[PDB]
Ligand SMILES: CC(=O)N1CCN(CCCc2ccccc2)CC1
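Taking the form solved without this ligand, here's one chain by itself in structure tokens.
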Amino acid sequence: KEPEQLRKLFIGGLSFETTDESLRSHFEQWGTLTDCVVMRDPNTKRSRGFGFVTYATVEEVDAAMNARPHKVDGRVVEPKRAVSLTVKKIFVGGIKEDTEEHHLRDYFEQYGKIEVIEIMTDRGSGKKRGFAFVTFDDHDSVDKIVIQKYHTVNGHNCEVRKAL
């Protein structure tokens, strides 16, 4: 089984009327839920407006994220993968001088919709510096990318991190 932390979705912005049961009935549409909790005050039992769900597999997390926007009990909520900042841009290092835009696009477009690819060049000489930035239309692409142990693009093992 994949590590549980990689199977969780933190759901912010809940309606205070959402319950463990209604959150579960909603998110079970995209996979088997091994856990589903609405966070509540320990004294009043009033909802804290957020909670979490745990799927059986990472593929199911992907399916839930691909089904956004989620309207749960009448309110659009904000699911995010667990920490294991929320940004839309990555740094890609170690691509050397022969990696081109299409190598980066063909690979990273499978994580999400790309808005910008910036291959970095030397301000003085114009030579490629061996790193790039990729901006996506949404943060979940970045979140999937940075939890991978490895990234291989154009035969190179790359270092990938969130950018600003």
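Numbering starts at 1 and runs along the sequence shown.
The protein also exists as the form deposited with this ligand bound; that form is not presented, and the subsequent description refers to it.
Practice item. Could you superimpose the pocket C-alphas so that this ligand sits on this ligand-free chain as it does in the bound PDB entry, and then tell me whether the site is open or blocked by the 2.4 Å backbone/C-beta test with a threshold of 3 atoms? Key: Placed partner shows the pocket blocked.
Practice item. Please check if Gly31 has a heavy atom lying within 4.5 Å of any heavy atom of this ligand in the bound PDB entry. Key: No.
Check your understanding: Quick one: is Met39 in contact with this ligand in the bound PDB entry, heavy atoms, 4.5 Å cut-off?
Key -> Yes, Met39 is a contact residue.
Check your understanding: Relative to this ligand in the bound PDB entry, which residues of 139-164 have a heavy atom no more than 4.5 Å away?
Key -> The stretch does not touch the partner at all.
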